[PDB]
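Q: The structure follows.
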Amino acid sequence: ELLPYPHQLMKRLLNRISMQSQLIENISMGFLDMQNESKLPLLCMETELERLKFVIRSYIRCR
Amino acid sequence: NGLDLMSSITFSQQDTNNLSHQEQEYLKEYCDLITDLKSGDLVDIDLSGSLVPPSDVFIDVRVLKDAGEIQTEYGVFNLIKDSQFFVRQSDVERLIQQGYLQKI
Amino acid sequence: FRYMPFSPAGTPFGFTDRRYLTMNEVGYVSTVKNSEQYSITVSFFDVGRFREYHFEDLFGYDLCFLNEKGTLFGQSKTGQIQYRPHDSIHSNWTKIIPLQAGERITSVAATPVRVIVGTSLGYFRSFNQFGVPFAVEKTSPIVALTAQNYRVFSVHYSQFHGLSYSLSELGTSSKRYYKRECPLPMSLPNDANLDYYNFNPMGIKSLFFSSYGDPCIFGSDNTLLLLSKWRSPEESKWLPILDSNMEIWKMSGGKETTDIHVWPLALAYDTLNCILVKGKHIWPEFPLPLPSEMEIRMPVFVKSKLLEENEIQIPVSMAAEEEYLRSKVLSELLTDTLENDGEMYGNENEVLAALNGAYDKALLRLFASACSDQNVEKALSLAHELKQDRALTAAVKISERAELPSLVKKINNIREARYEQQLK
Amino acid sequence: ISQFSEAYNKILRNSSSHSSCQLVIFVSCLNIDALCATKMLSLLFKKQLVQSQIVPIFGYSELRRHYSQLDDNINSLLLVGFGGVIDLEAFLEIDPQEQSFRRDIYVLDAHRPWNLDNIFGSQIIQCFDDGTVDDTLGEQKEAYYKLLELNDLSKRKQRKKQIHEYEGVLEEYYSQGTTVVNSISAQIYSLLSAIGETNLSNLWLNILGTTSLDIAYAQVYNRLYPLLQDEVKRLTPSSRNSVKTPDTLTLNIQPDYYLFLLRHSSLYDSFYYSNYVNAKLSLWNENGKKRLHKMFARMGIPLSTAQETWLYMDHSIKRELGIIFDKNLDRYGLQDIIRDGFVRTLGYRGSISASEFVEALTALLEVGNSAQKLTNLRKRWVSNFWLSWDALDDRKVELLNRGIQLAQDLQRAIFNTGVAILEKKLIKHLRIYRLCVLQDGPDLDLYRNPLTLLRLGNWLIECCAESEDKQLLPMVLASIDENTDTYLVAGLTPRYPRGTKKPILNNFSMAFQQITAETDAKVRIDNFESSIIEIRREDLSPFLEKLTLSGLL
Amino acid sequence: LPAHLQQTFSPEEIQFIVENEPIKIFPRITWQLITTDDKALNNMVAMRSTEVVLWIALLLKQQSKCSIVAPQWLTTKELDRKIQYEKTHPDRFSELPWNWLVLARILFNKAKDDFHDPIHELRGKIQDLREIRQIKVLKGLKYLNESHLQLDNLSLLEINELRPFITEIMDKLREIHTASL
């Protein structure tokens, strides 16, 4: 049977998934303008948000 | 539910596409309702596909049976006929379900 | 005595046609023999930092040393040397070292600003990074070399007296000597084992410098020796902070095999890097072994007492004595390093705070055992070794629980004496 | 001028972003060595983590419709062996735009005639000039160098003749036949060794491409007999056998034969291509179909233990041929059989050498599938190319044998008609060459794709590989399957019976410029390799009349 | 609306909950990681352990600038003592690493050519232990009571494999027991 939707924590991180998407939004663009080096810190940040974004994608569909 | 020219639910079972044409208004009332569920989310989360979890970040993909220029967003990939790619992960999800790229 | 060519962390040929020329924290250099020449292949652990390369050996070099800027090669028979930098900006240079009748080059060394070449007759020829000679010195015959930055550390061994070591610094003004041929306490040795003894007459497996400025040596006796306080000759002594036999015995369960040796690679502030070699030979061959890390342990145990109390396990009470000896040596060296050289990584204060807390905590376990056996006098001497002021407060509570009111007042006299000295 | 480590780091920083900064490489499918060079370059770009785009192009006229129409911010174009002869900068206009230019291609041309503009006067064409040719026409330091800038009535008159003196040395040059002097396997593998990446798969890969040129030339890989030897010893994985390891891909050496694909199978269909070897001696059918029956049916060839006898205890018989042909050595002296060769294994799954391995790649590239038919013919060869490129994994096993069983009928197909055109006796030595026109036979469909045609010539150049102590000239064939008489006519090379002293490359491409320059009356050079052109039916007869008098050798 | 695999997990996400556990590495390289669960370090020092999450280290191995240490029970001299405590105990399984089967399969793709002689030994010493578990599971389900079971030490994988049938047999027999009264 259905369980109570814990809305309080969800919106608390739903702000967070907006923020780091905007954090990488500028800092890539700052890396393009400084390009006339390290390709580590971009790729990890790109995959980490969407994996958490993947989890709630299933989580609301089963509702 | 809308990934590439949604309202073309044509070229699809014409002998029963008049059958479910009485059900199309039922069908499109899912489709209209599924649009506002895509927009009524306060942030942009995909609800169109991508159900299998991702594993890696670099995937070799080949193409066939397709032509033209598509993918105006996220950088144009310039799809020529029968020519493979080697790209990142999140881009091809809207094209594999579209059915243009073929093999992972 | 026969003067054999020595190399840092080198392995002999054995029954094969390939061996390791040198081995360090940067990587390893090996050679492969073919039909008409030799082939030098250089592989690294950090593939992402430097570019792996290889070349054919037409001259037949048998000596090699590796540092963070280049690779130096040397021929013991013809005296021809060659330095190859990893960058394409610097050009290669070749020069022939003059050698007399019966003279063979035994050990080489390289730094980015100076080149050190040692021979069997004791000729000390030093070059710069371009090949220009500076001075020619006549000293004792050098059999082993190691260097980090400026320092030159040579092990000397003559025909009659032998077994000595020197320590120097190649400064901008003049060459300064800190030690002038002091005796080495390394133990000499009294088929894999037979063939290794001929190629390596002194049994020196490997030698390198630590990351905190102290010279380390690893002889045939498998005891890690640490030279502490090398800047002052009044308090310079060797410290055996690690014993091989004790570490293998405790981790395995309480047994002791023969085919599992410990080859040293590097020491970077917490553990000794090693390669687990399993087999009959004491030297590794070609598979790619994974690097392991062994926790540092003081060799203080009994053998009959461990069998009666039973991977072999050590109890609480017995481990408090070993923890006290390990923490006392490490805290003294870390304190003198920061007050003279400063920080190197930026996190030395958190390591020092955690080490000093575990030092006072381990002493309280021995302090509690002395109160249980009614030895009030032994408990008095243990209270003076505490450093932190909060440890003295905890000693009062252990004394009151053990019903010793006279021991309580003795702790307070130590507290009043330290406060008076602090205000002077 | 291009040091090998430098271009790699230079092309690294130019496109290493996580966007559409896409560098794209081009490759022909009409050559086997063209493939294997590219495959090893791709995988290191994977582990150097860069985005890419690979497109094959089969036709030289197709290059405009694949590049010059679809470009947005491609700064780094890459290409494998296309423009050693025709200048692409005249073929494709690129105006100078933004000295430190905005888009720079490289080139990996493997051919002998070069183009002076492409090395000297380089501004977008950064060619691979390192220690390849140190004598890049070393007399050129005053010919074009005075052609660039070009009482004076007697002084300039001499100066025009010096230009005319420079004109002749640019006239005899740019008038040579072509080959490949050094394989593209040789260059990039040497480049990676300057970087220093140790994988035996690379060492398995680079030797494949140079093995492909064993049937086109001789002394090119005869220089590489040391460079095969040192690397397999310097990259020694093991001194012991260290047996029963399913992995680790051990590398060895074992002798092997011109009689081919034996370790895969068929000492049965060896009987045909043993007679190929006797076609190298003095016959094609007659004496051999007696003569083979001293050396072969000595053992009846079984059904079950022939999985074991011509797999395993043929080592008693390879020894026996080894102790047969040692006494056929001072007496027969025919040294087309014993060869050093190279082999590999997989731990299990049989021993597979590289001699037969290039054979499967050729046939599997062939089969395995107005102006409306050529489009649906050109879409085939790109597609069936693609299923050969992924043949270099372990993941293809039960498709690997598919080409194998395909190969041992295609030769049985090609020999079925070669014996016909001999017995028809339609080879005519007119004066210079010999001409043969396969007007019509059976099974004409397997002659559209040109990779079979060089093999048919490779069988046909060896029927005339007897003594022939005058007129060592190869042939020109003719065949037609499709409408309007397309006629993919081609030329061959003369051959040596293992005695190249004379400089025999080709004379036809010099004449191929001539006939194409005359009237433009439906002649085509749209196919890539210059050794193949097309002709019309009413033009092949005035073709030869222009050729029997124009003696340009 | 999946409508395909709803009552259980598919086998592609059971690895997804285990990849988010940390292990130890041997680093090599020198801002860096701001990944909301990061612990980015400074210029990192080799020859030392660090609890690092798994999935970033696999990505760190494709660019090949680090190395992995195996966990402490992944030697052949350790697994043998597991096979004796079970062969004397047919009642249940004794001692379990709890995620062992999915842990090895990730560890056999450029995480195997690092360790000291594990080929022709380790796959020997694992695939035996898979069936010995599942031989034990066949005797257990024959002993099925009503509404009370004893599974003490099971991997997550068999739990994803016993699952979609063990429900509806005992559920369908739950009807005939309960609807009888």
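FYI, nothing fancy with the structure tokens labels: chains A, B, ... in order, residues from 1 per chain, ligands from 1 as they appear.
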Please list as a PyMOL selection string every residue within 8 Å of range 35-51 of chain A, counting only C-alpha atoms and excluding residues in the same chain fewer than 6 positions away.

A: (chain A and resi 17+20-21+24+28) or (chain B and resi 54+57) or (chain E and resi 31-35+56)

Q: Write out as a PyMOL selection string the residues lying within 10 Å of residue 64 in chain E, counting only C-alpha atoms and excluding same-chain residues fewer than 5 positions away.

A: (chain C and resi 45-48) or (chain D and resi 47-48) or (chain E and resi 28+57-59+110)

Q: Save out the residues we just selected, N, CA and C atoms, as a short mmCIF file (atom, residue, chain, number, x, y, z; two decimals), in the first residue's frame.

A:
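Output (result_32.cif):
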data_model
loop_
_atom_site.label_atom_id
_atom_site.label_comp_id
_atom_site.auth_asym_id
_atom_site.auth_seq_id
_atom_site.Cartn_x
_atom_site.Cartn_y
_atom_site.Cartn_z
N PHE C 45 54.81 4.06 -12.54
CA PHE C 45 53.57 3.76 -11.84
C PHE C 45 52.56 4.84 -12.16
N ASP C 46 53.01 6.09 -12.23
CA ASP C 46 52.15 7.24 -12.54
C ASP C 46 52.26 7.44 -14.05
N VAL C 47 51.38 6.77 -14.79
CA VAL C 47 51.35 6.82 -16.25
C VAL C 47 50.81 8.18 -16.69
N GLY C 48 49.87 8.75 -15.92
CA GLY C 48 49.26 10.03 -16.25
C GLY C 48 50.15 11.26 -16.09
N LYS D 47 41.21 6.27 -24.18
CA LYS D 47 41.81 6.38 -22.86
C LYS D 47 42.55 7.69 -22.65
N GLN D 48 42.52 8.60 -23.62
CA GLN D 48 42.87 9.98 -23.36
C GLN D 48 41.65 10.87 -23.31
N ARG E 28 47.70 8.35 -6.88
CA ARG E 28 48.94 8.76 -7.52
C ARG E 28 49.05 10.25 -7.77
N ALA E 57 36.14 6.00 -8.50
CA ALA E 57 37.45 5.40 -8.64
C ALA E 57 37.53 4.53 -9.87
N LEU E 58 36.41 3.92 -10.26
CA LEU E 58 36.36 3.25 -11.55
C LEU E 58 36.54 4.24 -12.68
N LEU E 59 35.91 5.41 -12.58
CA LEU E 59 36.15 6.46 -13.56
C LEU E 59 37.57 6.97 -13.47
N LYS E 110 39.86 -4.52 -15.80
CA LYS E 110 41.06 -3.73 -15.48
C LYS E 110 41.19 -3.44 -13.98
#

Q: Quick one: residues within 12 Å of range 4-8 of chain A, only C-alpha atoms counted, chain neighbours fewer than 5 positions away excluded, as a ChimeraX atom specification?

A: /A:13-15,59-60,63

Q: Could you write out as a PyMOL selection string the residues of chain E within 12 Å of chain A, counting only C-alpha atoms?

A: chain E and resi 1-7+9+13+16-17+19-20+29-38+40+55-65

Q: Take the selection from the previous step and output its residues with C-alpha atoms, as a PDB file, in the first residue's frame.

A:
ATOM      1  CA  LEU E   1       4.621   3.603 -15.691  1.00  0.00           C
ATOM      2  CA  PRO E   2       7.063   0.744 -16.223  1.00  0.00           C
ATOM      3  CA  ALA E   3       4.517  -2.120 -16.219  1.00  0.00           C
ATOM      4  CA  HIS E   4       7.331  -4.534 -17.020  1.00  0.00           C
ATOM      5  CA  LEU E   5       9.490  -5.130 -13.952  1.00  0.00           C
ATOM      6  CA  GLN E   6       7.617  -3.685 -10.991  1.00  0.00           C
ATOM      7  CA  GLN E   7       7.471  -6.270  -8.211  1.00  0.00           C
ATOM      8  CA  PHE E   9      14.476  -4.964  -9.122  1.00  0.00           C
ATOM      9  CA  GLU E  13      20.211  -1.353 -10.376  1.00  0.00           C
ATOM     10  CA  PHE E  16      23.581   0.673  -8.358  1.00  0.00           C
ATOM     11  CA  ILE E  17      23.015   0.482  -4.635  1.00  0.00           C
ATOM     12  CA  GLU E  19      28.496   1.096  -6.111  1.00  0.00           C
ATOM     13  CA  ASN E  20      27.781   3.874  -3.616  1.00  0.00           C
ATOM     14  CA  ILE E  29      48.014  12.321  -8.520  1.00  0.00           C
ATOM     15  CA  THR E  30      48.173  15.731  -6.926  1.00  0.00           C
ATOM     16  CA  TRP E  31      38.770  22.776  -6.621  1.00  0.00           C
ATOM     17  CA  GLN E  32      39.047  19.095  -7.265  1.00  0.00           C
ATOM     18  CA  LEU E  33      35.805  17.577  -5.981  1.00  0.00           C
ATOM     19  CA  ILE E  34      32.788  19.662  -4.864  1.00  0.00           C
ATOM     20  CA  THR E  35      30.350  16.835  -5.514  1.00  0.00           C
ATOM     21  CA  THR E  36      28.130  17.414  -2.408  1.00  0.00           C
ATOM     22  CA  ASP E  37      29.522  14.212  -0.814  1.00  0.00           C
ATOM     23  CA  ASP E  38      33.074  14.925  -1.750  1.00  0.00           C
ATOM     24  CA  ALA E  40      38.321  16.447  -1.892  1.00  0.00           C
ATOM     25  CA  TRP E  55      32.152   4.674  -8.775  1.00  0.00           C
ATOM     26  CA  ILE E  56      34.439   7.686  -9.009  1.00  0.00           C
ATOM     27  CA  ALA E  57      37.446   5.396  -8.638  1.00  0.00           C
ATOM     28  CA  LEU E  58      36.359   3.251 -11.550  1.00  0.00           C
ATOM     29  CA  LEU E  59      36.152   6.457 -13.562  1.00  0.00           C
ATOM     30  CA  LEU E  60      39.530   7.356 -12.134  1.00  0.00           C
ATOM     31  CA  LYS E  61      40.884   4.070 -13.458  1.00  0.00           C
ATOM     32  CA  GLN E  62      39.807   4.596 -17.078  1.00  0.00           C
ATOM     33  CA  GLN E  63      42.016   7.667 -17.349  1.00  0.00           C
ATOM     34  CA  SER E  64      44.556   5.449 -15.485  1.00  0.00           C
ATOM     35  CA  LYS E  65      46.027   7.652 -12.818  1.00  0.00           C
TER      36      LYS E  65
END

Q: Between CA of residue 448 in chain D and CA of residue 543 in chain D, measure the distance and give it in Å to one decimal.

A: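 Going from CA of residue 448 in chain D over to CA of residue 543 in chain D covers 21.1 Å.
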
Q: As a list in words, please: every residue in range 21-151 of chain E that DSSP puts in strand (DSSP E or B).

A: residues 22, 23, 24, 25, 26, 27, 51, 52, 53, 66, 67 and 68 of chain E
